[PDB]
**Q** 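Shown below is the structure under consideration.
Letters A, B, ... mirror the listed sequences (proteins, then strands); counts begin at 1. Side-chain atoms are counted along with the backbone in the values below, which use heavy atoms only and exclude waters and symmetry mates.
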Amino acid sequence: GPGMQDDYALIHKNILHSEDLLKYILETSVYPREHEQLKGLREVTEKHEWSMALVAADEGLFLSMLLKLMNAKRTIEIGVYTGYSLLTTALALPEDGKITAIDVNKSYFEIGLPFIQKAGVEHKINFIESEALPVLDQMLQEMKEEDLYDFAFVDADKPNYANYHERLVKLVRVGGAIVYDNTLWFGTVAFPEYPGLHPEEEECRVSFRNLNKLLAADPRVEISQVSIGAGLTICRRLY
Amino acid sequence: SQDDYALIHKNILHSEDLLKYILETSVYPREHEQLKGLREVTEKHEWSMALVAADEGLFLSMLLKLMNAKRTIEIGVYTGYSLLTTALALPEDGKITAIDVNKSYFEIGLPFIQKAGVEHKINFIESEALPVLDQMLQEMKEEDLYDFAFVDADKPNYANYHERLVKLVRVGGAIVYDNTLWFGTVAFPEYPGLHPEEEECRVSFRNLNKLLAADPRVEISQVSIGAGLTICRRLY
Ligand SMILES: Nc1ncnc2c1ncn2[C@@H]1O[C@H](CSCC[C@H](N)C(=O)O)[C@@H](O)[C@H]1O
Ligand SMILES: Nc1ncnc2c1ncn2[C@@H]1O[C@H](CSCC[C@H](N)C(=O)O)[C@@H](O)[C@H]1O
Ligand SMILES: O=Cc1ccc(O)c(O)c1
Ligand SMILES: [Mg+2]
Ligand SMILES: [Mg+2]
């Protein structure tokens, strides 16, 4: 989508039955706890032409909760867009935390950069403007035990999730977390066939159905599929 | 009894097919065998609704491992699915303080927990948790604080359990409250057609959700998994 919208047939990625329950969750437990600059970044992004790709706000507060409970301090993110999940991660890490951000389109990143600077956490971010898989392939060859990541957030092009997985279970430390966004894909994953989809909407649906089967059978990780936001899967490296 | 209630089987996801997809694809292949046996015996029990969701169970296990929890406390054991999930996730030297008013529910799943080989990690306490939490407030040194707390007992007492647990859990420790979305009924000021006790839990959770969101002693994150849960993290 972004990097390669109204052509989509699916509109609401949140998988809940009630829009009133979703609004309740956001106004009761998210917006009161949402950073001032995360709010400004969100409102601007909701007016962008690819606003559907914006990470869910309740999904953002959850990622921040995981980063602190696991005391993550060196993370990597694949797929930044305007940087809501990047700013969420930067606010969650300690003062000397470091993030390796990767996106093919920096013009999306510069939409949220003013909010990242005014939040005072831009110093933690190393933005790489490139396709992620070439960067991950170099990282694995030059990999030292010292330079392992604690946490990986995958939110870029959807068909490449399985390929990203093979690199990230070597680039993330044992006991580290790998979180994949959109693993429930508008609920269309629960059906072998889903008519009425754009060709790449259907390609992402098939790729997630295959990815969810692969992750559930991968002994290198423990998995946990969480029905929050667009749906996400948490993988924890065992070896 | 169980069929007097109206909210036993109301989903929060938009499809029963989507939930069944999650369980069959990502939960049952990763479910311990003793957790399967405990789950299938409990679904036949008179109070099968109180059993924690299986996708929720894997999620609690993931939290305990990522935060490297070692000493936890559970309030509301029932047959022990969340207890066996916790005891399976902690290191072999991990300890759990399990509290429930009903020892008879616990011994239903005790054979599965003994066959799983994790009974040595659990210290069950047959009592109301609120008198137990108060005695620990006077008896606990700073280095005995818990890393994790799972609240899943009588719902109108969550806010009272919270005041005790924000001082019994370590700084940076986690407190998880189950059913904080109460079958989706918390989204409305009024909700007709509910059992009186169901309506009482619904207004208690609407109060608790606003309480936890304004509690500066913790950071929160409400997660719409299973029946809905809220993760709190102690700040001071
Ligand atoms: N091949 C690729 N490699 C790396 N990033 C890619 C990519 N293809 C697309 N992307 C990027 O992935 C992003 C997906 S939108 C991601 C939203 C963001 N995670 C948030 O929190 O809101 C887009 O910005 C797009 O530029
Ligand atoms: N005041 C109290 N103190 C401690 N436990 C209580 C309590 N009141 C009720 N309970 C117990 O809390 C349990 C709630 S059902 C909890 C289910 C369990 N968490 C699971 O994984 O399935 C019941 O078994 C009930 O006996
Ligand atoms: O590409 C479309 C898209 C749609 C929703 C998302 O959450 C996302 O990351 C991308
Ligand atoms: Mg996404
Ligand atoms: Mg429960």
**Q** Please determine, among A:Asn71, A:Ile25, A:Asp58, the option with the most heavy-atom pairs under 4.5 Å with chain B.
**A** A:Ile25
**Q** List the steps, then state whether side-chain contact (heavy atoms from CB on, under 4.5 Å) holds for B:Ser26 with A:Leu215.
**A** CA-CA 8 Å; B:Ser26 293; A:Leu215 286 184; over 6 Å; no
**Q** Under the side-chain contact (heavy atoms from CB on, under 4.5 Å) rule, what do A:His17 and B:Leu13 come out as? Steps first, then yes or no, please.
**A** CA-CA 5 Å; A:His17 181 58; B:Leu13 313 188; over 6 Å; no
**Q** Where do A:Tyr24 and B:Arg206 land on the side-chain contact (heavy atoms from CB on, under 4.5 Å) test, with the steps shown first?
**A** CA-CA 10 Å; A:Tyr24 173 83; B:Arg206 276 179 61 87; 3.9 Å; yes
**Q** Pick from B:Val27, B:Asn11, B:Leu181: which one has the most heavy-atom pairs with chain A under 4.5 Å?
**A** B:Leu181
**Q** Taking the side chain as every heavy atom from C-beta outward, state whether B:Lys210 and A:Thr28 have any atom pair closer than 4.5 Å.
**A** yes
**Q** Keeping the roles fixed (side chain from A:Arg236, backbone from B:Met62), state whether a donor-acceptor pair exists under 3.5 Å.
**A** no
**Q** Answer yes or no: is there an ion pair linking B:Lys65 with A:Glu222, defined by an N-O contact shorter than 4.0 Å?
**A** yes
**Q** In Å and rounded to the nearest 0.5 Å, what is the CD1 to OG distance from A:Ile15 to B:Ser15?
**A** 10.5 Å
**Q** Quick one: of B:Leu19, B:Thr230, B:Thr180, B:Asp17, who has the most non-hydrogen atom pairs under 4.5 Å with chain A?
**A** B:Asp17
**Q** Are any non-hydrogen side-chain atoms of A:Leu66 and B:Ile231 less than 4.5 angstrom apart?
**A** no
**Q** So, for B:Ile225 and A:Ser227, which heavy atoms are closest and what is the spacing to 0.1 Å?
**A** CA-OG, 3.4 Å
**Q** Could you give me the CA-CA distance, side-chain angles and deciding distance for A:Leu69 and B:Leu66, then say whether side-chain contact (heavy atoms from CB on, under 4.5 Å) is met?
**A** CA-CA 7 Å; A:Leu69 287 179; B:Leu66 291 177; over 6 Å; no
**Q** To the closest 0.5 Å, what do you measure between CG (A:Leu21) and CZ (B:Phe188)?
**A** 8.5 Å
**Q** Can you tell me how far the CD atom of B:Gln222 sits from the CG atom of A:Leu61, to the nearest 0.5 Å?
**A** 10.5 Å
